[PDB]
């Protein structure tokens, strides 16, 4: 995709903290950019849309390279159009933003090191911490902070058709191999475009974009999970059609990434009073979330540990109480037992498990922060009973939301002013971001 400048692109600023062994932390001046799929896509020579509603203009261009050449993405009106604001080390993403001519739903954003480069993190062996407020995030919504193995420049150095780069939030990928991206590998995803049946702005193209994914945080004020998702190809790669896998496909496991992950949800692991409104981890208030990516002596990822801090008390992750799935952290062995007790597909195992996730964590990964609703499962996998008839079966109950919650059109209409606030990002070696773990 080319880049256009009918609208100035000014990344909202966002500071974060790099911490050293001993607890000393240094302020870093970063910023954030919005993902290209939310941007205006128009012809390079006019304001005429190349993509509008849920369609491409195929009277103008009709294949990947030519649309990538004749179309561009433009700047983004962060606050008034997308409901994205920052202040200091704090980022607020609003759910539905109604402007004069348009309605924006959700957002996906990336931390920048510079105007043209995502801030890369190498997580293995290290510690990542942030504060989050999910208090205004109800059933059916997901405020997500995670890492994916995108390239720092959005793919510019790999794909000559991508002339927009990280500045315009290009190059996305995750463990769902998403096919709704309008540009992948520097080529517009216009071939075999099929409009979504329930999302007025979306469709899927011939191609999807895969890469490793570490879901540090997927949460609302009812339920939370952290989930590694390995891929048999570590970095960004293009997939084709149904072989992409991911959930907007016929066989979600048919592709190269694990679409389920090895998930830890306190509620799903059997502790229903640990996380929620006024609970041990109280979701009406700001929560500090600590994640440690531990190595074994061979240098592989052996364990993911979670701690919470609220009002100065360190709260270790809740004990999983599912019989046979004892433990409060994610390990290969724990994941084997979890999949067994829940009767779930061992795709995590088949695609390389912890060791394969650690290969991604050893490399650079992009930090992404988003807010969204779910046009496939109404977020029931996160905060409800899933499958909907599975009450009493181990693994089915994930939160206390009703099985009728989460329908995008309904939650968009009822809770449009929902929002999530990510703030106070701290990163460094183990023990460096919060004292007294």
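Residue numbers count along the first chain shown, from 1.
Peer 1: When the Cα temperature factors in the entry are averaged, is it 15-23 or 418-426 that ends up higher?
Peer 2: Higher mean C-alpha B-factor: 15-23.
Peer 1: Which of the two stretches, 214-222 or 294-302, shows the higher mean Cα temperature factor in the record?
Peer 2: The stretch with the larger average C-alpha B-factor is 294-302.
Peer 1: So among 336, 115, 344, 174, who wins on Cα B-factor in the entry?
Peer 2: Highest CA B-factor of the listed options: 344.
Peer 1: Which is it among 263, 131, 74, 350: the one with the largest CA B-factor in the entry?
Peer 2: Across 263, 131, 74, 350, the entry lists the biggest C-alpha B-factor for 350.
Peer 1: Ranked by Cα temperature factor within the chain, is residue 180 in the lowest third, the middle third or the highest third?
Peer 2: Middle third of the chain for residue 180's C-alpha B-factor.
Peer 1: In terms of the chain's CA B-factor thirds, is residue 53 lowest, middle or highest?
Peer 2: Answer is lowest: the recorded C-alpha B-factor places it there.
Peer 1: Lowest, middle or highest third: where is residue 1 by C-alpha B factor in its chain?
Peer 2: Answer is lowest: the recorded C-alpha B-factor places it there.
Peer 1: Hey, what third does residue 269 fall into on Cα B-factor, ranked over its chain?
Peer 2: Lowest third, going by the recorded CA B-factors of the chain.
Peer 1: Name the third of the chain's ranked CA B-factors that contains residue 127, choosing lowest, middle or highest.
Peer 2: Its C-alpha B-factor belongs to the middle third of this chain's values.
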